[PDB]
file model-v1.txt (compact mmCIF, C-alpha atoms and all ligand atoms)
# COMPACT_ATOMS: atom_id res chain seq x y z
CA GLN F 12 17.66 56.22 -44.41
CA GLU F 13 15.55 58.12 -41.91
CA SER F 14 16.23 61.32 -43.89
CA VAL F 15 14.35 59.89 -46.91
CA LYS F 16 11.55 58.54 -44.70
CA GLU F 17 11.08 61.94 -43.02
CA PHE F 18 11.16 63.72 -46.41
CA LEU F 19 8.40 61.45 -47.77
CA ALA F 20 6.33 61.82 -44.55
CA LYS F 21 6.37 65.64 -44.84
CA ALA F 22 5.59 65.41 -48.57
CA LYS F 23 2.47 63.37 -47.78
CA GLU F 24 1.35 65.75 -45.00
CA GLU F 25 1.63 68.78 -47.32
CA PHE F 26 -0.18 66.95 -50.16
CA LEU F 27 -3.06 65.86 -47.91
CA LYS F 28 -3.68 69.40 -46.60
CA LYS F 29 -4.23 70.71 -50.15
CA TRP F 30 -6.04 67.51 -51.29
CA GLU F 31 -8.66 67.96 -48.55
CA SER F 32 -9.19 71.74 -49.23
CA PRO F 33 -8.61 72.36 -53.00
CA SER F 34 -8.13 75.87 -54.39
CA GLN F 35 -10.69 77.04 -56.98
CA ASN F 36 -11.43 80.06 -59.16
CA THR F 37 -8.08 81.82 -58.86
CA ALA F 38 -8.07 83.77 -62.23
CA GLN F 39 -10.30 84.50 -65.27
CA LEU F 40 -9.88 84.42 -69.08
CA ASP F 41 -9.66 88.18 -69.69
CA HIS F 42 -6.67 88.48 -67.37
CA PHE F 43 -4.58 86.92 -70.23
CA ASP F 44 -3.61 87.61 -73.89
CA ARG F 45 -3.56 84.59 -76.21
CA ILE F 46 -0.26 84.11 -78.13
CA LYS F 47 -0.16 80.69 -79.89
CA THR F 48 -1.62 77.17 -79.88
CA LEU F 49 1.11 74.76 -78.65
CA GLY F 50 -0.85 71.49 -78.93
CA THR F 51 -4.34 70.14 -79.73
CA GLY F 52 -6.22 66.89 -78.91
CA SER F 53 -9.72 65.38 -78.94
CA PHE F 54 -11.23 67.42 -76.06
CA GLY F 55 -8.63 70.08 -75.21
CA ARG F 56 -5.72 72.25 -76.31
CA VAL F 57 -2.73 73.99 -74.75
CA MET F 58 -2.04 77.69 -75.52
CA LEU F 59 0.82 80.04 -74.74
CA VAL F 60 -0.68 83.06 -72.93
CA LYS F 61 0.67 86.22 -71.27
CA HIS F 62 -0.75 87.67 -68.05
CA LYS F 63 -1.72 91.24 -68.84
CA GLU F 64 -0.73 92.88 -65.52
CA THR F 65 2.50 91.02 -64.71
CA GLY F 66 3.72 90.17 -68.23
CA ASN F 67 4.49 86.60 -67.18
CA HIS F 68 4.05 83.74 -69.69
CA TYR F 69 2.05 80.58 -68.96
CA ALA F 70 0.78 77.41 -70.68
CA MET F 71 -3.07 77.41 -70.50
CA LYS F 72 -4.78 74.01 -70.94
CA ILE F 73 -8.41 74.56 -72.15
CA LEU F 74 -10.96 71.70 -71.91
CA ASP F 75 -14.37 71.89 -73.64
CA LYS F 76 -16.89 70.72 -70.98
CA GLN F 77 -19.32 69.19 -73.51
CA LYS F 78 -16.55 67.17 -75.18
CA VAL F 79 -15.20 65.99 -71.78
CA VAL F 80 -18.67 64.62 -71.00
CA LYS F 81 -19.06 62.89 -74.37
CA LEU F 82 -15.61 61.25 -74.21
CA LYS F 83 -16.28 60.02 -70.62
CA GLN F 84 -13.51 62.08 -69.04
CA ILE F 85 -15.39 63.87 -66.21
CA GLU F 86 -13.74 61.98 -63.31
CA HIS F 87 -10.35 62.14 -65.06
CA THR F 88 -10.46 65.96 -65.47
CA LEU F 89 -11.55 66.41 -61.84
CA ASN F 90 -8.61 64.11 -60.78
CA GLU F 91 -6.14 66.10 -62.90
CA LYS F 92 -6.91 69.49 -61.38
CA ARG F 93 -7.28 68.23 -57.75
CA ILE F 94 -3.93 66.43 -57.91
CA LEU F 95 -2.04 69.24 -59.71
CA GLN F 96 -3.13 71.85 -57.18
CA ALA F 97 -1.88 69.60 -54.34
CA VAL F 98 1.57 68.29 -55.51
CA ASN F 99 5.00 69.95 -55.27
CA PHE F 100 8.19 68.34 -56.66
CA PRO F 101 11.23 69.60 -58.65
CA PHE F 102 10.36 67.56 -61.78
CA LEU F 103 6.58 68.32 -61.99
CA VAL F 104 5.19 71.30 -63.94
CA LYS F 105 3.55 73.73 -61.49
CA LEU F 106 -0.12 74.72 -61.65
CA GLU F 107 -0.45 78.50 -61.07
CA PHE F 108 -4.20 79.20 -61.60
CA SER F 109 -7.42 77.34 -62.36
CA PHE F 110 -10.99 78.47 -63.23
CA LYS F 111 -14.05 77.64 -65.34
CA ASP F 112 -16.69 79.53 -67.34
CA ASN F 113 -19.90 78.64 -69.17
CA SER F 114 -18.05 76.53 -71.78
CA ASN F 115 -14.55 75.49 -70.63
CA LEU F 116 -12.29 74.32 -67.80
CA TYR F 117 -8.88 76.07 -67.56
CA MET F 118 -5.58 75.01 -65.94
CA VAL F 119 -2.83 77.67 -66.15
CA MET F 120 0.66 76.11 -65.72
CA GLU F 121 4.21 77.43 -65.81
CA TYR F 122 5.45 77.55 -69.44
CA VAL F 123 8.47 75.30 -70.15
CA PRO F 124 10.04 76.70 -73.39
CA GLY F 125 12.46 73.91 -74.28
CA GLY F 126 9.86 71.62 -75.80
CA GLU F 127 9.00 67.90 -75.48
CA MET F 128 11.68 65.28 -74.93
CA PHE F 129 10.11 63.50 -77.91
CA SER F 130 11.22 66.27 -80.36
CA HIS F 131 14.84 66.21 -79.10
CA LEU F 132 14.93 62.37 -79.19
CA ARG F 133 13.74 62.27 -82.80
CA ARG F 134 16.14 65.05 -83.85
CA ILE F 135 19.24 63.27 -82.46
CA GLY F 136 18.12 59.67 -83.17
CA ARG F 137 18.84 58.11 -79.75
CA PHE F 138 20.36 59.24 -76.43
CA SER F 139 23.63 57.76 -75.09
CA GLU F 140 23.24 55.66 -71.95
CA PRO F 141 24.53 58.47 -69.65
CA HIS F 142 22.00 60.91 -71.18
CA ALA F 143 19.10 58.42 -70.95
CA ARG F 144 20.15 57.65 -67.30
CA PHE F 145 20.09 61.36 -66.25
CA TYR F 146 16.44 61.61 -67.41
CA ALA F 147 15.49 58.16 -66.08
CA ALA F 148 16.78 59.05 -62.56
CA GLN F 149 14.41 62.09 -62.52
CA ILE F 150 11.47 59.81 -63.39
CA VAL F 151 12.44 57.27 -60.69
CA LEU F 152 12.48 60.04 -58.03
CA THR F 153 9.19 61.51 -59.32
CA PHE F 154 7.41 58.09 -59.18
CA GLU F 155 8.85 57.47 -55.69
CA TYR F 156 7.23 60.79 -54.65
CA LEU F 157 3.90 60.17 -56.43
CA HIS F 158 3.50 56.56 -55.30
CA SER F 159 4.19 57.53 -51.65
CA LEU F 160 1.12 59.84 -51.91
CA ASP F 161 -0.96 56.87 -53.24
CA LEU F 162 -0.96 58.41 -56.76
CA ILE F 163 -0.53 56.46 -60.03
CA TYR F 164 0.53 58.59 -63.05
CA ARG F 165 -0.57 56.32 -65.97
CA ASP F 166 0.59 58.47 -68.94
CA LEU F 167 4.43 58.16 -69.12
CA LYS F 168 5.68 58.77 -72.69
CA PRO F 169 8.28 61.14 -74.26
CA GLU F 170 5.68 63.73 -75.36
CA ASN F 171 4.73 64.38 -71.72
CA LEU F 172 8.30 65.10 -70.50
CA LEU F 173 9.30 68.73 -71.15
CA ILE F 174 12.91 69.98 -71.03
CA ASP F 175 13.46 73.20 -69.02
CA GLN F 176 16.02 76.04 -69.17
CA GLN F 177 18.50 74.00 -67.09
CA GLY F 178 18.07 70.83 -69.20
CA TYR F 179 16.02 69.02 -66.51
CA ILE F 180 12.65 67.25 -66.98
CA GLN F 181 9.27 68.65 -65.99
CA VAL F 182 6.39 66.12 -66.24
CA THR F 183 3.11 67.46 -67.64
CA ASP F 184 -0.37 66.07 -68.37
CA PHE F 185 -2.03 64.59 -65.26
CA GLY F 186 -5.19 63.69 -67.21
CA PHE F 187 -4.95 59.99 -66.29
CA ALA F 188 -3.40 60.41 -62.81
CA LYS F 189 -5.46 59.07 -59.89
CA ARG F 190 -5.34 58.56 -56.11
CA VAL F 191 -5.65 54.76 -55.67
CA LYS F 192 -5.30 52.63 -52.51
CA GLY F 193 -5.29 49.13 -53.90
CA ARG F 194 -6.43 48.43 -57.47
CA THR F 195 -8.01 50.44 -60.26
CA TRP F 196 -9.63 49.29 -63.50
CA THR F 197 -9.85 52.01 -66.18
CA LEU F 198 -8.50 51.31 -69.69
CA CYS F 199 -6.31 54.34 -70.40
CA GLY F 200 -2.86 55.30 -71.63
CA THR F 201 -0.99 55.19 -74.88
CA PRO F 202 -0.75 51.74 -76.63
CA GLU F 203 3.03 51.45 -76.84
CA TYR F 204 3.38 52.04 -73.06
CA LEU F 205 0.54 49.92 -71.61
CA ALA F 206 1.44 47.14 -69.16
CA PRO F 207 -0.02 43.65 -69.88
CA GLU F 208 -2.45 43.76 -66.90
CA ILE F 209 -4.10 46.88 -68.36
CA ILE F 210 -4.50 45.21 -71.81
CA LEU F 211 -5.98 42.10 -70.10
CA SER F 212 -8.64 44.21 -68.23
CA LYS F 213 -7.37 43.22 -64.79
CA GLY F 214 -7.40 45.19 -61.58
CA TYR F 215 -3.98 46.87 -61.58
CA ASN F 216 -1.76 49.01 -59.31
CA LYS F 217 1.34 51.28 -59.31
CA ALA F 218 3.37 48.51 -60.98
CA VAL F 219 2.05 49.77 -64.36
CA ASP F 220 4.13 52.98 -63.91
CA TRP F 221 7.35 50.91 -63.48
CA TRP F 222 6.54 48.89 -66.67
CA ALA F 223 6.11 52.16 -68.55
CA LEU F 224 9.52 53.42 -67.22
CA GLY F 225 11.09 50.26 -68.82
CA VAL F 226 9.42 51.20 -72.16
CA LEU F 227 10.67 54.80 -71.81
CA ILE F 228 14.30 53.83 -71.02
CA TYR F 229 14.30 51.39 -73.96
CA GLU F 230 12.96 54.09 -76.35
CA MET F 231 15.46 56.75 -75.12
CA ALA F 232 18.46 54.43 -75.60
CA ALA F 233 17.32 52.71 -78.83
CA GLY F 234 15.39 55.48 -80.56
CA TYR F 235 12.17 53.42 -80.93
CA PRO F 236 9.94 51.53 -78.42
CA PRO F 237 10.27 47.80 -77.72
CA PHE F 238 6.80 46.65 -78.80
CA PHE F 239 6.32 48.49 -82.09
CA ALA F 240 3.67 47.51 -84.69
CA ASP F 241 1.36 49.00 -87.34
CA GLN F 242 -1.96 48.63 -85.44
CA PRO F 243 -2.79 48.59 -81.69
CA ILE F 244 -3.96 44.94 -81.64
CA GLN F 245 -0.55 43.91 -83.01
CA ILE F 246 1.20 46.00 -80.33
CA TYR F 247 -0.93 44.37 -77.63
CA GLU F 248 -0.02 40.80 -78.75
CA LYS F 249 3.69 41.74 -78.57
CA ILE F 250 3.27 43.30 -75.11
CA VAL F 251 1.46 40.30 -73.53
CA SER F 252 4.04 37.93 -74.98
CA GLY F 253 6.70 40.25 -73.48
CA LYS F 254 9.29 38.92 -75.92
CA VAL F 255 11.79 41.75 -76.24
CA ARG F 256 14.83 42.08 -78.49
CA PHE F 257 17.66 44.39 -77.45
CA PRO F 258 20.09 46.25 -79.76
CA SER F 259 23.66 44.94 -79.53
CA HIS F 260 24.83 48.39 -78.53
CA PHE F 261 22.95 48.13 -75.19
CA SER F 262 25.16 47.46 -72.16
CA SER F 263 24.62 44.22 -70.24
CA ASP F 264 23.56 46.30 -67.21
CA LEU F 265 20.86 48.12 -69.28
CA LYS F 266 19.52 44.80 -70.64
CA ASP F 267 19.31 43.35 -67.11
CA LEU F 268 17.41 46.36 -65.70
CA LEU F 269 15.02 46.33 -68.69
CA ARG F 270 14.23 42.58 -68.28
CA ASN F 271 13.19 43.28 -64.66
CA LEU F 272 11.04 46.39 -65.45
CA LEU F 273 9.45 44.73 -68.58
CA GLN F 274 8.46 41.71 -66.53
CA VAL F 275 5.02 40.45 -67.62
CA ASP F 276 4.26 38.97 -64.20
CA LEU F 277 3.49 42.03 -62.11
CA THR F 278 4.33 40.17 -58.88
CA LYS F 279 7.97 39.79 -60.14
CA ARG F 280 8.44 43.30 -61.57
CA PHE F 281 11.07 45.72 -60.23
CA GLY F 282 9.42 48.52 -58.31
CA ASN F 283 6.71 46.10 -57.04
CA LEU F 284 8.83 43.80 -54.80
CA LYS F 285 9.42 43.93 -51.03
CA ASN F 286 12.23 46.51 -51.44
CA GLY F 287 10.12 48.84 -53.62
CA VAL F 288 11.96 51.55 -55.51
CA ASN F 289 15.25 50.60 -53.93
CA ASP F 290 15.68 47.59 -56.23
CA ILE F 291 15.81 50.12 -59.10
CA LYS F 292 17.92 52.77 -57.32
CA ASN F 293 20.53 50.15 -56.30
CA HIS F 294 20.71 48.42 -59.71
CA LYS F 295 24.18 48.41 -61.36
CA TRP F 296 22.88 50.52 -64.30
CA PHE F 297 22.43 53.40 -61.80
CA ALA F 298 25.80 52.93 -59.99
CA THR F 299 27.11 56.30 -61.23
CA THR F 300 23.93 58.26 -60.25
CA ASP F 301 24.11 60.69 -57.30
CA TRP F 302 20.41 60.61 -56.32
CA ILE F 303 20.70 63.59 -53.89
CA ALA F 304 22.56 65.74 -56.42
CA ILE F 305 19.90 64.99 -59.10
CA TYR F 306 17.09 66.00 -56.66
CA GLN F 307 18.99 69.20 -55.73
CA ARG F 308 19.51 70.06 -59.47
CA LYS F 309 23.28 70.21 -58.99
CA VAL F 310 24.28 67.88 -61.88
CA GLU F 311 25.18 69.58 -65.19
CA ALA F 312 22.62 68.47 -67.79
CA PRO F 313 23.60 66.67 -71.04
CA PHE F 314 22.22 69.51 -73.13
CA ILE F 315 20.33 72.76 -72.84
CA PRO F 316 17.57 73.46 -75.38
CA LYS F 317 18.08 76.38 -77.74
CA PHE F 318 15.52 79.17 -77.22
CA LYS F 319 15.66 82.96 -76.99
CA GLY F 320 13.57 83.76 -73.86
CA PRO F 321 10.51 82.79 -71.81
CA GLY F 322 8.14 83.63 -74.71
CA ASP F 323 9.91 81.65 -77.46
CA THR F 324 7.71 78.94 -79.13
CA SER F 325 10.32 77.57 -81.63
CA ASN F 326 10.62 74.20 -79.82
CA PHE F 327 6.87 73.44 -80.26
CA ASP F 328 5.02 72.89 -83.54
CA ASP F 329 2.35 74.67 -85.62
CA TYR F 330 -1.43 74.17 -85.38
CA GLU F 331 -4.51 75.81 -86.86
CA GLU F 332 -5.55 78.72 -84.60
CA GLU F 333 -9.19 78.31 -83.43
CA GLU F 334 -11.46 80.57 -81.30
CA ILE F 335 -11.83 80.31 -77.50
CA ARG F 336 -15.58 80.82 -77.55
CA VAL F 337 -17.65 81.08 -74.41
CA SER F 338 -21.38 80.34 -74.62
CA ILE F 339 -23.95 82.76 -73.30
CA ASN F 340 -25.50 79.84 -71.38
CA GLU F 341 -23.81 77.57 -68.77
CA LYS F 342 -23.04 73.99 -69.94
CA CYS F 343 -22.69 70.91 -67.70
CA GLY F 344 -22.66 72.95 -64.48
CA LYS F 345 -23.56 70.02 -62.24
CA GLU F 346 -20.90 67.65 -63.59
CA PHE F 347 -18.11 70.17 -62.86
CA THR F 348 -19.36 71.69 -59.57
CA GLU F 349 -16.16 70.71 -57.71
CA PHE F 350 -13.72 72.17 -60.28
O1 LIG P 1 2.94 73.71 -74.53
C1 LIG P 1 2.97 72.73 -73.77
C2 LIG P 1 3.35 72.97 -72.36
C3 LIG P 1 2.60 72.41 -71.37
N1 LIG P 1 2.90 72.69 -70.05
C4 LIG P 1 3.94 73.57 -69.77
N2 LIG P 1 4.69 74.17 -70.79
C5 LIG P 1 4.33 73.86 -72.07
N3 LIG P 1 2.54 71.55 -74.28
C6 LIG P 1 2.21 71.55 -75.71
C7 LIG P 1 2.34 70.14 -76.16
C8 LIG P 1 1.90 69.40 -74.90
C9 LIG P 1 0.42 69.17 -74.93
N4 LIG P 1 -0.25 68.47 -73.98
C10 LIG P 1 -1.58 68.44 -74.30
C11 LIG P 1 -2.60 67.83 -73.66
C12 LIG P 1 -3.86 67.95 -74.17
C13 LIG P 1 -4.07 68.64 -75.33
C14 LIG P 1 -3.03 69.21 -75.98
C15 LIG P 1 -1.79 69.11 -75.45
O2 LIG P 1 -0.58 69.65 -75.97
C16 LIG P 1 2.49 70.20 -73.68
call {"tool": "encode", "arguments": {"input": "model-v1.txt", "output": "structure tokens", "more": "lines below"}}
Ligand SMILES: O=C(c1cncnc1)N1CC[C@H](c2nc3ccccc3o2)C1
result
Amino acid sequence: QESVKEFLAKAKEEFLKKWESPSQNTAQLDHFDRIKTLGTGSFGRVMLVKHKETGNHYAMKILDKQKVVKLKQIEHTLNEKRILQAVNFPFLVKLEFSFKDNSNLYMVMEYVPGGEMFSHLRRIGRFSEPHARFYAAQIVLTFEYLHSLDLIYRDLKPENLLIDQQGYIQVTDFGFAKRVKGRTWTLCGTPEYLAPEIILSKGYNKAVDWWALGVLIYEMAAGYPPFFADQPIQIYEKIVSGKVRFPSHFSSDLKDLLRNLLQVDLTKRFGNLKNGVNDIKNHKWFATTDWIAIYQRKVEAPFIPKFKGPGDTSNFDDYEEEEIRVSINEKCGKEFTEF
């Protein structure tokens, strides 16, 4: 309908204005108190912090510039911040501040206290089809938005989907997201979710995000992913074969949608045909979904996470607490000039 077309046209206008003139240097480290490490990886970490003047809580992602360079992530970290400061959608975590110093890059996001979807999935075992479908509809709308801005997300998995105070999803981690007209070539993403054309080192497009939504819906409704194996090479052989086995408890409508999203031939995959996202939105598995009501946040969620207030960390796990050290000398200034 024209209403959807005009919504996506305005979304692209507003994105391009911020894309062409990015904000920079909007806070500094000593405006915040450090509370707790919420997650740690090979070149960065995420910390709960409190702003000292307002008392508001935020999630601060800290990237070590020297490790970014060594792990070949310069372009990816510049993509992440430039895209996050330009997007606006109900199911995307909001960037509030960004800045850099002699040692680190910082992105200060809204803090979502209910934790990762992955923790709730593993606690309950699997989600019922109605519960899986409520989350899946939020991902379909978010990919419709991102793809219309020529963005590919490239890191869909349950650890990157946080559950908010109303039980809705907020997508975090734009470290692999990129603006792409046509094809792109980088090998990136988590093994269990990679589409075959990425594993085969082909030039690929937004169809890899719709493959990864098939893997996500399978894992939500089964409790484990479709292509599981002990080592990555074994996973990759299963993926490129595309042989999938479905639990008997899956509905016939869920199996049919999954066979069309987990289609090895990218030119036959739902989301990448002439009708685009509408082949997914109009599939029988989504017949009960009110797409406008989901966007408007008017549907009652399947569950609300248990937490005590905006500073509660009980839905995230425990990590060794390390210093946030800042060198007396500037590192890698040229590489990160635009940040
Ligand atoms: O704490 C938040 C959170 C994020 N955004 C808003 N609210 C909360 N985590 C913690 C776990 C997750 C996470 N992602 C990471 C990426 C790189 C390195 C470490 C990471 O740990 C998101």
call {"tool": "atom_distance", "arguments": {"input": "model-v1.txt", "atom1": "CA of residue 118 (chain F)", "atom2": "CA of residue 186 (chain F)"}}
result
11.4 Å
call {"tool": "residues_near_ligand", "arguments": {"input": "model-v1.txt", "ligand": "ligand LIG 1 (chain P)", "cutoff": "7 Å", "atoms": "only C-alpha atoms and all ligand atoms", "output": "PyMOL selection string"}}
result
chain F and resi 49-52+55-59+70+72+104+120-124+170-171+183-184+327
call {"tool": "write_last_selection", "arguments": {"input": "model-v1.txt", "atoms": "C-alpha atoms", "output": "mmCIF file, in the frame of the given file"}}
result
data_model
loop_
_atom_site.group_PDB
_atom_site.id
_atom_site.type_symbol
_atom_site.label_atom_id
_atom_site.label_comp_id
_atom_site.auth_asym_id
_atom_site.auth_seq_id
_atom_site.Cartn_x
_atom_site.Cartn_y
_atom_site.Cartn_z
ATOM 1 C CA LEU F 49 1.110 74.760 -78.650
ATOM 2 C CA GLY F 50 -0.850 71.490 -78.930
ATOM 3 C CA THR F 51 -4.340 70.140 -79.730
ATOM 4 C CA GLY F 52 -6.220 66.890 -78.910
ATOM 5 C CA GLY F 55 -8.630 70.080 -75.210
ATOM 6 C CA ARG F 56 -5.720 72.250 -76.310
ATOM 7 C CA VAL F 57 -2.730 73.990 -74.750
ATOM 8 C CA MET F 58 -2.040 77.690 -75.520
ATOM 9 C CA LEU F 59 0.820 80.040 -74.740
ATOM 10 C CA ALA F 70 0.780 77.410 -70.680
ATOM 11 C CA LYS F 72 -4.780 74.010 -70.940
ATOM 12 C CA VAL F 104 5.190 71.300 -63.940
ATOM 13 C CA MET F 120 0.660 76.110 -65.720
ATOM 14 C CA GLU F 121 4.210 77.430 -65.810
ATOM 15 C CA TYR F 122 5.450 77.550 -69.440
ATOM 16 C CA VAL F 123 8.470 75.300 -70.150
ATOM 17 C CA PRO F 124 10.040 76.700 -73.390
ATOM 18 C CA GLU F 170 5.680 63.730 -75.360
ATOM 19 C CA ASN F 171 4.730 64.380 -71.720
ATOM 20 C CA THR F 183 3.110 67.460 -67.640
ATOM 21 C CA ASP F 184 -0.370 66.070 -68.370
ATOM 22 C CA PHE F 327 6.870 73.440 -80.260
#
call {"tool": "closest_residue", "arguments": {"input": "model-v1.txt", "among": "F:240, F:270, F:196, F:157", "to": "residue 220 (chain F)", "atoms": "all atoms listed in the file"}}
result
F:157
call {"tool": "closest_residue", "arguments": {"input": "model-v1.txt", "among": "F:200, F:282, F:66, F:207", "to": "residue 185 (chain F)", "atoms": "all atoms listed in the file"}}
result
F:200
call {"tool": "closest_residue", "arguments": {"input": "model-v1.txt", "among": "F:325, F:67, F:283, F:293", "to": "residue 119 (chain F)", "atoms": "all atoms listed in the file"}}
result
F:67
call {"tool": "closest_residue", "arguments": {"input": "model-v1.txt", "among": "F:27, F:150, F:310, F:304", "to": "residue 228 (chain F)", "atoms": "only C-alpha atoms"}}
result
F:150
call {"tool": "residues_around", "arguments": {"input": "model-v1.txt", "residues": "residue 82 (chain F)", "least_positions_apart": "4", "cutoff": "12 Å", "atoms": "only C-alpha atoms", "output": "NGL selection string"}}
result
:F and (52-55 or 74-78 or 86-88)
call {"tool": "axis_aligned_box", "arguments": {"input": "model-v1.txt", "around": "region 119-138 of chain F", "padding_each_side": "6 Å", "output": "lines of an AutoDock Vina configuration file"}}
result
center_x = 8.8
center_y = 67.9
center_z = -74.8
size_x = 35.2
size_y = 31.6
size_z = 30.1
call {"tool": "residues_around", "arguments": {"input": "model-v1.txt", "residues": "residue 205 (chain F)", "least_positions_apart": "2", "cutoff": "8 Å", "atoms": "all atoms listed in the file", "output": "number ranges by chain"}}
result
F: 200-203, 207, 209-210, 219, 222-223, 250
call {"tool": "atom_distance", "arguments": {"input": "model-v1.txt", "atom1": "CA of residue 218 (chain F)", "atom2": "CA of residue 130 (chain F)"}}
result
27.4 Å
call {"tool": "closest_residue", "arguments": {"input": "model-v1.txt", "among": "F:112, F:31, F:166, F:290", "to": "residue 340 (chain F)", "atoms": "all atoms listed in the file"}}
result
F:112
call {"tool": "closest_residue", "arguments": {"input": "model-v1.txt", "among": "F:160, F:40, F:98, F:226", "to": "residue 238 (chain F)", "atoms": "only C-alpha atoms"}}
result
F:226
call {"tool": "residues_around", "arguments": {"input": "model-v1.txt", "residues": "residue 172 (chain F)", "least_positions_apart": "2", "cutoff": "7 Å", "atoms": "only C-alpha atoms", "output": "PyMOL selection string"}}
result
chain F and resi 127-128+169-170+174+180-183
call {"tool": "atom_distance", "arguments": {"input": "model-v1.txt", "atom1": "CA of residue 179 (chain F)", "atom2": "CA of residue 96 (chain F)"}}
result
21.5 Å
call {"tool": "residues_near_point", "arguments": {"input": "model-v1.txt", "point": "(15.8, 71.0, -59.7)", "cutoff": "7 Å", "atoms": "all atoms listed in the file", "output": "ChimeraX atom specification"}}
result
/F:101-102,306-308
call {"tool": "residues_near_point", "arguments": {"input": "model-v1.txt", "point": "(19.4, 74.9, -80.1)", "cutoff": "12 Å", "atoms": "only C-alpha atoms", "output": "PyMOL selection string"}}
result
chain F and resi 124-126+130-131+134-135+176+178+314-319+323+325-326
call {"tool": "residues_around", "arguments": {"input": "model-v1.txt", "residues": "residue 23 (chain F)", "least_positions_apart": "2", "cutoff": "12 Å", "atoms": "only C-alpha atoms", "output": "PyMOL selection string"}}
result
chain F and resi 16-21+25-30+97-100+155-162
call {"tool": "residues_around", "arguments": {"input": "model-v1.txt", "residues": "residue 43 (chain F)", "least_positions_apart": "6", "cutoff": "9 Å", "atoms": "all atoms listed in the file", "output": "PyMOL selection string"}}
result
chain F and resi 60-64
call {"tool": "decode", "arguments": {"input": "model-v1.txt", "residues": "region 125-137 of chain F", "atoms": "N, CA, C and O atoms", "output": "PDB file, in the first residue's frame"}}
result
ATOM      1  N   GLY F 125      16.541  -6.556  30.190  1.00  0.00           N
ATOM      2  CA  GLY F 125      15.984  -7.915  30.245  1.00  0.00           C
ATOM      3  C   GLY F 125      16.870  -9.013  29.713  1.00  0.00           C
ATOM      4  O   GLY F 125      16.491 -10.186  29.814  1.00  0.00           O
ATOM      5  N   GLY F 126      18.080  -8.678  29.177  1.00  0.00           N
ATOM      6  CA  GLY F 126      18.958  -9.748  28.796  1.00  0.00           C
ATOM      7  C   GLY F 126      18.764 -10.203  27.357  1.00  0.00           C
ATOM      8  O   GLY F 126      17.839  -9.749  26.632  1.00  0.00           O
ATOM      9  N   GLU F 127      19.662 -11.131  26.950  1.00  0.00           N
ATOM     10  CA  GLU F 127      19.641 -11.714  25.579  1.00  0.00           C
ATOM     11  C   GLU F 127      18.539 -12.727  25.423  1.00  0.00           C
ATOM     12  O   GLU F 127      18.311 -13.554  26.327  1.00  0.00           O
ATOM     13  N   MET F 128      17.907 -12.737  24.220  1.00  0.00           N
ATOM     14  CA  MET F 128      16.948 -13.797  23.915  1.00  0.00           C
ATOM     15  C   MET F 128      17.559 -15.175  24.131  1.00  0.00           C
ATOM     16  O   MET F 128      16.881 -16.103  24.632  1.00  0.00           O
ATOM     17  N   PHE F 129      18.860 -15.314  23.836  1.00  0.00           N
ATOM     18  CA  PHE F 129      19.518 -16.608  23.998  1.00  0.00           C
ATOM     19  C   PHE F 129      19.357 -17.155  25.424  1.00  0.00           C
ATOM     20  O   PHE F 129      19.137 -18.348  25.589  1.00  0.00           O
ATOM     21  N   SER F 130      19.524 -16.305  26.475  1.00  0.00           N
ATOM     22  CA  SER F 130      19.404 -16.830  27.850  1.00  0.00           C
ATOM     23  C   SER F 130      17.991 -17.347  28.131  1.00  0.00           C
ATOM     24  O   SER F 130      17.825 -18.412  28.724  1.00  0.00           O
ATOM     25  N   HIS F 131      16.960 -16.600  27.679  1.00  0.00           N
ATOM     26  CA  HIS F 131      15.581 -17.009  27.926  1.00  0.00           C
ATOM     27  C   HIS F 131      15.238 -18.279  27.155  1.00  0.00           C
ATOM     28  O   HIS F 131      14.557 -19.171  27.715  1.00  0.00           O
ATOM     29  N   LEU F 132      15.753 -18.390  25.901  1.00  0.00           N
ATOM     30  CA  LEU F 132      15.527 -19.610  25.099  1.00  0.00           C
ATOM     31  C   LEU F 132      16.116 -20.849  25.780  1.00  0.00           C
ATOM     32  O   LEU F 132      15.481 -21.918  25.860  1.00  0.00           O
ATOM     33  N   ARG F 133      17.319 -20.721  26.319  1.00  0.00           N
ATOM     34  CA  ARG F 133      17.981 -21.872  26.923  1.00  0.00           C
ATOM     35  C   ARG F 133      17.362 -22.210  28.269  1.00  0.00           C
ATOM     36  O   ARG F 133      17.370 -23.385  28.681  1.00  0.00           O
ATOM     37  N   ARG F 134      16.864 -21.195  28.988  1.00  0.00           N
ATOM     38  CA  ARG F 134      16.145 -21.464  30.246  1.00  0.00           C
ATOM     39  C   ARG F 134      14.852 -22.257  30.031  1.00  0.00           C
ATOM     40  O   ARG F 134      14.541 -23.186  30.813  1.00  0.00           O
ATOM     41  N   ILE F 135      14.060 -21.883  29.001  1.00  0.00           N
ATOM     42  CA  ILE F 135      12.752 -22.535  28.808  1.00  0.00           C
ATOM     43  C   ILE F 135      12.851 -23.792  27.958  1.00  0.00           C
ATOM     44  O   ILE F 135      11.964 -24.656  28.030  1.00  0.00           O
ATOM     45  N   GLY F 136      13.858 -23.887  27.090  1.00  0.00           N
ATOM     46  CA  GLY F 136      14.059 -25.068  26.247  1.00  0.00           C
ATOM     47  C   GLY F 136      13.750 -24.692  24.793  1.00  0.00           C
ATOM     48  O   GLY F 136      14.631 -24.683  23.920  1.00  0.00           O
ATOM     49  N   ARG F 137      12.489 -24.408  24.493  1.00  0.00           N
ATOM     50  CA  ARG F 137      12.111 -23.892  23.161  1.00  0.00           C
ATOM     51  C   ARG F 137      10.898 -23.006  23.362  1.00  0.00           C
ATOM     52  O   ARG F 137      10.189 -23.138  24.365  1.00  0.00           O
TER      53      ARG F 137
END
